[PDB]
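Tertiary structure, described
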Amino acid sequence: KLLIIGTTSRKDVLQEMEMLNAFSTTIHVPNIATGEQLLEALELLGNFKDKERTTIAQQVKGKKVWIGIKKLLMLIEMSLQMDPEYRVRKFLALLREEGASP
Amino acid sequence: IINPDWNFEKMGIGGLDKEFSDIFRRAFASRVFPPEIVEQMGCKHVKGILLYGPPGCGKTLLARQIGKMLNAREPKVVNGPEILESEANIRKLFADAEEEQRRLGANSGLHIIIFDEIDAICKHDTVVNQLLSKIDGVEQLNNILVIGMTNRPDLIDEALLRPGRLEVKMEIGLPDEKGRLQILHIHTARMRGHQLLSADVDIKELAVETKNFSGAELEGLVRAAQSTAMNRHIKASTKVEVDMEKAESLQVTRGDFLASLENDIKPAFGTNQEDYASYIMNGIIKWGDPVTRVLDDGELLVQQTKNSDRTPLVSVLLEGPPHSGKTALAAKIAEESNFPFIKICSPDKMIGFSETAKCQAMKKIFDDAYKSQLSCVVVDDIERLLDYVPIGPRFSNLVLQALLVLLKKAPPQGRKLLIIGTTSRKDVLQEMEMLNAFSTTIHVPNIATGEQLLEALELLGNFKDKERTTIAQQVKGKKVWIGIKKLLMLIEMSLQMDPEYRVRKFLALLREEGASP
Ligand SMILES: Nc1ncnc2c1ncn2[C@@H]1O[C@H](COP(=O)(O)OP(=O)(O)OP(=O)(O)O)[C@@H](O)[C@H]1O
Ligand SMILES: Nc1ncnc2c1ncn2[C@@H]1O[C@H](COP(=O)(O)OP(=O)(O)O)[C@@H](O)[C@H]1O
Ligand SMILES: [Mg+2]
C-alpha cells in the first residue's frame, strides 16, 4: 500500500495541464478572514498585552482582513523591534499597508 | 537513560557529556567486566572508532582523558606523513602488541594506537592494503584498539568502515554560548584561586561575544589577557618610584580581556572579509531625509535577524530608478552589520560565464555562507544577472529557478542568515512572480527639488558664491529629476570647460537631462 500527498499554489495552471484527473481528491486551506480569528491568533501567540489588545480590537473591528499566517508572524516580529510607545502604531500601519482585496 | 555519574569538570572536559557517555557505553563497556561473563554473554569487543569535525574542538583530549582513567598504560600516537620502508615503520607499532600476545593474550592489557589525519594516508593502495590486513588479518589481535581522526570523513575508504572493523562514528562540532560558558568556567581555574582577575569581570559577556571560537582560542584569550595585564601594571609601576606592590595592586584584570580580544586573537573558522572602497568610492553624503530613512530601516532589519527565534531567515529588496545609488547603500549597510562572515556576489566577476558555471558559483557561495553562525550575503543587479533584454524574453530559465529555490532554503538548526538584493526593473520581476519570495521592499527615490540640488552642490563644494546664486535663481523651481551618480558625472564633465564658460555649460547639460519621471 502507498499514499501520495502533493502541495501547490497555482491550481488553474495545473487544471489546464490535465493533472487534476490523476489526483483523487483535493482539500482547500483558507486565509484569515475575520477580526475574531486574528484576535484569537494574537492571544494564542501571547505577545501583546491586554491594553494593546483592546486598542487593536477597537481599531480593527471596522474593516476586513485578508492575510496569511506566515506574513502575520513576520509582521509581528518586525513590529516588536520598535520602542514600546509605537509598537501598536507600527503594527497597525503595516497591517493597513499589507491589506488587499481577496 | 541510566548511566554512571562522572565528574566532567574534574577531568577538564566541558560541554560534551552526551558524546563521552555514549562513546563509553558503546565502545569500552565490554573490556571492564571480567572475561568469564564476557564469554558467557557471547560479547565481541569493538576494534575501531572514528571522530570527525572542525579542528581544535578537542578530539584528542577525550581519548587522553579516557586513557588517564582507563586504568591502563598511555596511548601511542602516529602521524599521517610519519609512516609515509613503510612496512618497517608498521612493524614499530604492532610489534609491541604482538610481543605482549606472545607473552599474554587471554588476560593481557589493552593497547591503543592513535592516527592523526588518517585521510591523508588512505583514499597509495599499498599502505591501505597493509593497514587493512593488519587490523583484521589471518591473525586476530585481541589487545589492540584504533581511534582514527580526520576532518573530511567523505574521503575515507569504504572498506575501512565495514561493520566488522571500525563501526562507531561521531561528530564533534563547534561550541555554543552555553558550551563556551562552561569551557571558560573550566579554563578559569588557576587564576580563580590566585585572585589575579578582577571581580568586575563578567564571563557571561565574554561567552556571548565570542561567536566563532574554539577551545584553543578560548584558552589563548586567557593567556593573552594575563600577559597584557602583567605587562600593563608592571610597566606602569616601573617607570615611577611608587611602591612595587602598587603594580601588584593592579594585578586584578577587568578590561584587559577586551584589550586582547580587539585584535590579538581572531576566529579561524569561516570569517571572510570584503573590501568596501571598490563599492563606496565617493563615500556617502546626506542630501535629504531618505538616506536617513533607508539607513534606519536597514539597521532595524539587521537588529531583528540577531535576537529573533521565529525568523531564522530574512530577505530584503531595494528598488529605484537607475543610478540612484542602491549598491553603495547596500554595501554600507553590510559593512555596518559587523557580522563575522560577509561576502558579495556580483556579475562583474562573472564575465563570459556559462549559465551552469554561474549556478555553481551561486551555490558554492551559499554553501560557504551556511558554515558560519552568522553571515550576510549581497546579490546585485538581479535583472542583469538573469540576462534580460527588452526585445522579447531571453531570461536564462535555469538561473531564475536556482535563485527562486535558493531564496527560501533555511539553514541548519541554530544558524541565521540575511539576504539583500538590489534591482531597478521592478515590473519585470513582478511578472516572474519572484517578488513574493522576498519579505519587504524599501524605495530609493531620486532628487525632486531644487533646494536638494543646491544642498548637494554645497556639500560637494565645487561652485562659488556667485555661481551658486546664479544656479539657485535659474533652477529655483522644484521640478528637477536627477540621481546622485548622474549629478556627479555631469559636474565632472562640466568642470572641463574654461572658467568663463562653465555655469552655462552646466545649465545646458542639466536642461538636456530629464525633469520628470
Ligand atoms: N548618499 C549617497 N547615496 C548614494 N550614492 C552616493 C552617496 N554619496 C555618494 N555616493 C556615490 O554615488 C555613486 C553611486 O553609487 P552606485 O555606484 O552604487 O550607484 P547605483 O545606482 O547602484 O548604480 P548602477 O546604476 O550601476 O546600479 C557611488 O560613487 C557612491 O559612492
Ligand atoms: N571540551 C573541552 N574541554 C577542554 N578543552 C577543550 C575542549 N574542547 C577544546 N578544548 C581545547 O582544545 C585544545 C586541544 O585540541 P586538540 O585535542 O589538539 O584538537 P585536535 O587534536 O583535533 O587538533 C586544548 O587547548 C583545549 O583547551
Ligand atoms: Mg549598481
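About the cut-offs
- Residues numbered from 1 in each chain as written, not as in the entry; some residues may be left out.
- Chains lettered and ligands numbered in written order.
- Part of a larger assembly, values for the part shown.
- Heavy atoms only, no water.
- UniProt positions renumbered as here; feature names shortened; annotations may be inferred.
- Near = heavy atom within 4 Å.
- Polar contact = N/O pair within 3.5 Å; in protein donor to acceptor, adjacent residues only side chain to side chain.
- Helix = DSSP H or I, 4+ residues; strand = E, 2+ residues; numbered from the N terminus.
- Nonpolar A, V, L, I, M, F, W, Y, C, P; charged D, E, K, R; others polar.
- Areas by Shrake-Rupley, 256 points an atom, 1.4 Å probe, with all protein chains shown as cover.
- Contact = heavy atoms within 4.5 Å.
- Buried area = accessible area lost by both parts, 1.4 Å probe.
- Salt bridge = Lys/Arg side-chain N within 4 Å of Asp/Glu carboxyl O.
- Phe/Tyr/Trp six-rings, centres within 6.5 Å; stacked < 30°, edge-to-face > 60°.
- Buried < 20%, exposed > 50% of the residue type's maximum accessible area, 1.4 Å probe, protein only.
- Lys NZ or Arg CZ within 6 Å of the ring centre and 35° of its normal.
- Core = buried A, V, L, I, M, F, W, Y, C linked by side-chain atoms within 4.5 Å.
- Pairing = 2+ DSSP bridges.
- Axes fitted to C-alpha atoms, helices over the stretch in contact; angles between N-to-C directions.

- The deposited coordinates for this entry were obtained by cryo-EM, with a reported resolution of 3.88 Å.

- Looking at the PDB entry, one finds chain B named Vesicle-fusing ATPase and attributed to Cricetulus griseus.
- As recorded in the PDB, the entry bears the title "NSF, substrate free, hydrolyzing, class 25".
- You can read under Subunit in the UniProt record for chain B the words "Homohexamer. Interacts with GABARAP and GABARAPL2 (By similarity). Interacts with GRIA2 (By similarity). Interacts with PLK2, leading to disrupt the interaction with GRIA2 (By similarity). Interacts with MUSK; may regulate MUSK endocytosis and activity (By similarity). Interacts with CDK16 (By similarity)."
- Per UniProt, the comment on chain B under Subcellular location is "Cytoplasm".

- Chain A is annotated in the PDB entry as Vesicle-fusing ATPase from Cricetulus griseus.

**Here's the deal with the site of ligand 1**
Residues and elements named next belong to chain B.
- Taken together, the neighbourhood of ligand 1 is formed by 13 residues, with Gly283, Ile285, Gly325, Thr327 and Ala328 sitting nearest.
- Between ligand 1 and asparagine 282 there is a distance of 3.2 Å, counted from an oxygen atom to a side-chain nitrogen or oxygen.
- In this structure, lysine 326 approaches ligand 1 through a main-chain N or O atom, which is 3.2 Å from an oxygen atom.
- Examining the composition of the shell around ligand 1, we find that 3 residues originate from one element, helix α16 (residues 326-337), more than from any other.
- Here the residues of the shell around ligand 1 sort into 5 nonpolar, 6 polar and 2 charged.

**Let's talk about the site of ligand 2**
Residues and elements named next belong to chain B.
- Taken together, 15 residues are adjacent to ligand 2, and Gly12, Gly14, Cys57, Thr60 and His187 come closest.
- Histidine 187 is positioned such that a nitrogen or oxygen atom in its side chain is 3.0 Å from an oxygen atom of ligand 2.
- Protein contacts shield 71% of the accessible area of ligand 2, which totals 570 Å² for the unbound molecule.
- Sorting the residues of the shell around ligand 2 by element identifies α4 (59-69), α9 (177-187) and α12 (215-238) as the ones contributing at least two each.

**Some details on the interface of chain B and chain A**
- Across the contact, 9 residues belong to chain B and 8 residues belong to chain A.
- Each partner contributes to the roughly 960 Å² buried at the junction of chain B and chain A, and carbon and sulfur atoms together form 59% of this total.
- Counting the surface chain B buries against chain A, the share from its top three residues, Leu300, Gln304 and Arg310 of chain B, is 54%.
- Linking chain B to chain A there are 0 salt bridges.

**Considerations on the packing of aromatic side chains**
Residue and element names in this part refer to chain B.
- One pass over the full model with this rule turns up 5 aromatic pairs over all chains.
- Note on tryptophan 6 and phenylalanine 20: the rings are 4.7 Å apart at their centroids and 85° apart in plane angle, and the pair reads as edge-to-face. In this pair, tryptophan 6 sits in the segment before α1 (8-11) while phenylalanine 20 sits in helix α2 (residues 17-28), placing the two residues 14 residues apart along the sequence.
- Residue classification places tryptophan 6 among the buried residues on the basis of a relative accessible area of 19%.
- Assessed through its relative accessible area of 3%, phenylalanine 20 is described here as buried.
- With 6.5 Å between their ring centres and 20° between their planes, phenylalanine 20 and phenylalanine 24 make a pair best called stacked. Placement of both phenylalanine 20 and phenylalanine 24 in helix α2 is noted, with a separation of 4 residues, approximately one turn of the helix.
- An aromatic cluster of three or more residues is present, and its members are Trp6, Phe20 and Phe24.
- Sitting over the ring of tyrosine 501, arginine 504 keeps its end group 4.6 Å from the ring centre.

**Here's the deal with the nonpolar core**
- Core analysis: the biggest nonpolar cluster contains 44 residues, and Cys376, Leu457, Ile471 and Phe506 of chain B have the highest contact counts within it.
- At the level of elements, α4 (69-80) of chain A together with α15 (289-304), β6 (313-319), α16, β9 (417-423), α21 (450-460), α23 (484-494) and α24 (503-512) of chain B are the ones that each hand at least two residues to this core.
- Ranked by the residues each element gives to this core, the list is headed by α16 of chain B, at 5 residues.
- Not counting residues up to four positions away in its chain, the partners in contact with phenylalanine 506 of chain B are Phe463, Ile471, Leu490, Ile491 and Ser494 of chain B.
- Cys345, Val379, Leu417 and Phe438 of chain B belong to the second largest nonpolar core, which has 28 residues in total.

**With respect to the sheet that holds β6 of chain B**
Residue and element names in this part refer to chain B.
- Pairing in this open sheet of 5 strands is parallel, and the strands run β7-β8-β9-β6-β10 from one edge to the other. Looking at which strands have only one partner, the edges of the open sheet turn out to be β7 (343-345) and β10 (440-443). The average angle at which neighbouring strand axes cross in this sheet is 20°, direction not considered.
- Pairing between β6 and β10: 4 bridges, direction parallel. Within β10, the residue paired with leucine 318 across the bridge is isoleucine 442.
- On the sheet, α16 packs against β6, β8 (377-380) and β9 and is oriented at approximately 165° with respect to β9.
- Set on the sheet, helix α17 (residues 355-370) makes contact with β7, β8 and β9; between it and β9 the angle comes to about 150°.

**Looking at the environment of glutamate 319 of chain B**
Residue and element names in this part refer to chain B.
- In this structure, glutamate 319 sits in strand β6.
- According to the relative accessible area criterion, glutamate 319 is buried, its value standing at 12%.
- The sequence separation of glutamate 319 and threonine 441 amounts to 122 residues, and the corresponding C-alpha distance is 7.3 Å.
- With residues near it in sequence (within four places) discarded, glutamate 319 still touches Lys326, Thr423, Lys426, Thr441, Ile442, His443 and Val444.

**Some points on the sheet that holds strand β2 (residues 76-78) of chain B**
Residue and element names in this part refer to chain B.
- Here 5 strands make up an open sheet; going across it, the order is β2-β3-β4-β1-β5 and the pairing parallel. Two strands close off the open sheet at either side, each with one partner strand: β2 and β5 (168-171). Taken over all neighbouring pairs, the strand axes of this sheet differ in orientation by 20° on average, direction set aside.
- Pairing geometry for strand β3 (residues 111-115) and strand β4 (residues 144-150), over 5 bridges, is parallel. Its bridge partner lying in β4, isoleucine 114 is registered against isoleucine 147.

**Notes on the pattern of salt bridges**
Residue and element names in this part refer to chain B.
- Under the criterion given, the structure shown has 15 salt bridges over all chains.
- Taking the shortest distance from any N to any O, the salt bridge between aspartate 22 and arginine 26 comes out at 2.7 Å. In this pair, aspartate 22 and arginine 26 are both assigned in helix α2, 4 residues apart and thus about one turn of the helix distant.
- The exposure class assigned to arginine 26 is partly exposed, which follows from its relative accessible area of 45%.
- Here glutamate 455 and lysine 286 are joined by a salt bridge, their closest N and O atoms 3.5 Å apart. Of this pair, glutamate 455 sits in helix α21 while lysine 286 sits in the loop between α14 (256-263) and α15, placing them 169 residues apart in sequence.
- A relative accessible area of 34% means that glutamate 455 is categorised as partly exposed.
- Via salt bridges that share partners, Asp22, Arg25 and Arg26 belong to a single interconnected network.

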